């Protein structure tokens, strides 16, 4: 949404808390997209900017907004290891089992990234342990493939 949109995406990725608040008040589109289809929420979920994730969601950002690769902010906070953001998205209606263009789920991404605590929280919220990606891999298959013993033990019980 115009000049305000580019500025909102920049402020969200830079972690400019106050500058995000100002642009919102000035009417910047909460869901203004970047060249990759990422909204200020995806950028804040990549960069680990919790306070910004919260202002954006309070100002009605789309929690399930998918970029051009089909990734939601949940897929991104799970990949980047941002536990506190993963808990915030889930508490605000994030699709636990959202699938990107590669058949990846936030669970595939947290397993591949090796973020034990994120996997524990995704499963709590209903992540499908049996979900297969376009490579025909489940979160458990990824865990054994990476040679992650801790994680494979964690996923074995359910799978």
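Residue numbers count along the first chain shown, from 1.
* To do: Read off the CA B-factors in the entry, average them over 129-137 and over 106-114, and name the higher stretch.
  => Per the PDB entry, the higher value belongs to 129-137.
* To do: Look over 87-95 and 32-40 in the entry and identify the one with the greater average Cα temperature factor.
  => The stretch with the larger average C-alpha B-factor is 32-40.
* What third of its chain, lowest, middle or highest, does the C-alpha temperature factor of residue 124 fall into? -> Lowest third of the chain for residue 124's C-alpha B-factor.
* **Third of the chain's Cα B-factor distribution that residue 53 belongs to, per the entry** => Answer is lowest: the recorded C-alpha B-factor places it there.
* Asked: Taking the entry's C-alpha B-factors for this chain, is residue 63 in the lowest, middle or highest third?
  -> For residue 63, whose C-alpha B-factor we compare with every modelled residue in the chain, the answer is the middle third.
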